[PDB]
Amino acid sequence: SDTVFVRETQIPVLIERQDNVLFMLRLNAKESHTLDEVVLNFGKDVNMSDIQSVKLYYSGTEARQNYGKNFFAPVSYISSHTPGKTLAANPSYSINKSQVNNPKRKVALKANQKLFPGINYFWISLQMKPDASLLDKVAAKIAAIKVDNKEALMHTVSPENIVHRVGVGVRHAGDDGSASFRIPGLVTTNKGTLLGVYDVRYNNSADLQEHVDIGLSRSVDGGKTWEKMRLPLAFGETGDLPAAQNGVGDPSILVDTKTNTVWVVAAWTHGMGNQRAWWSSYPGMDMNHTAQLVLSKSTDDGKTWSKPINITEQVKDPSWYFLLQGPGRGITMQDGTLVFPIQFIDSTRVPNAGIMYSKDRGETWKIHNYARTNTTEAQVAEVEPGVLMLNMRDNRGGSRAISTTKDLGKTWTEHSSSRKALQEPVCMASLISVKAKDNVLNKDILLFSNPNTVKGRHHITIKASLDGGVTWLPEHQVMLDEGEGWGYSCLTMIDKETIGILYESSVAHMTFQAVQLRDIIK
């Protein structure tokens, strides 16, 4: 008899999506003629009342030259990039054969599908109810597959005990008339409010220069619901140039914990035609030559935002081609110092990462010296009181560079974990510090998120360290998204027991998920 091969997915189940890929099935029908039924059994701890439906789709066959390459689908079933068509499976690729609404723990999906004389693809779709909980975890097993009125042999290539986690598509391609959204940042205010920022790339997914604003999504219920998008930074037709030559992007957001004032920094690019700002920003200081470093602040918990504050002259050396924040978030140090990670292309056209700080609540800012040559995007965390650790994207490739400074960036010391402990494909990565006093474990922990690979942007993973970043033990990690995406992410603590992550996922341009602290550190 033929073998039905099964691959269980490990990707976020978006609560608002009408379809989510849960299982992929492949059957090479050498002696099979009809697939009658698939029986699915949810785990005993699954809350069935938060599940809206389960569906079985048929997706046809494969090109004969691709036989034996171990594919489990002929095409991507659910788009995350087609504007206005990212919530349901593309009907031209998948035929709904059976659907069970308000399912019980045991679900029988009767297909009665005539099989192509060759490879046949099926997949199981999971749809949550809109009010499902962010911490809901879904587990399931395929109990039986009936083929030609007999139980078919199954071989599952994916591992056991997969936990399917839900998430929220804070931004989908096409939302509010924007083709794409990129570059996430995420913080939690003193009031518990979640503030997520991102590029609003209206025309397409291209970097600056282009028509780009900084958008912001605000949540007061721990990320379950998000308020109408705000625009903290947008320059429109400033200087009488087109909006596409006034983009602002790569945002970084921080909360001044002493006052709860929220700060957002971004890079405003003026002119430069339709070329990339990385190669179009030049030495100088004014808007007509070089990118401008602009700030916007909020004193009402992120609801309203001031007009841009141009701080370029405070911190940029004229010889630099390009000074900009490190996208993601900044911090408030224990002593009240505000710190944003930064990066600048020096006179030799080589980028270097560093930090920018303010000791007067954000009125004035300063930069000293870079941490390491040929580095770009970085995030900073106060590992110990007075000790800042900078975790850097390194153009040398393969792994993150990590250095610390006790004097706010005048001098730097290479860290033991540098270029060894944290692999990367050269991509943005998030780092935050959570003190024992502010979490249920009562221990100082570092949290880190990036694509846990050296090649490609996939397997988005949160990692935790209990020894100041010296070791990242494998059992203290959660893999959230095996699919391919743009790879950027940003972390925060929703509260003392829950982690929050806003990242570019394989299922939505801006994906938010909540992860319990005791799920990662067991």
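Numbers follow the displayed sequence, beginning with 1.
Once the C-alpha B-factors are averaged per stretch, 56 to 64 and 30 to 38 rank with 30 to 38 first. Look at the mean CA B-factor for 88 to 96 and for 364 to 372 in the entry; the higher one is 364 to 372. If you compare the C-alpha temperature factors of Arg349, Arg165, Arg393, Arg276 in the entry, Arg349 comes out highest. As recorded in the PDB entry, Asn102 shows the highest C-alpha B-factor of the residues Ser430, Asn102, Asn203, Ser217.
Ranked within its chain, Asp175 lands in the middle third, by CA B factor from the PDB record. Residue-level temperature factors show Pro283 in the highest third of its chain, judged at the C-alpha atom. Per-chain ranking of the deposited C-alpha B factor places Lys297 in the middle third. Placement of the Cα temperature factor of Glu377 within the chain: lowest third of the modelled residues, per the deposited record. When the modelled residues of the chain are ordered by their C-alpha B factor, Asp256 lands in the middle third.
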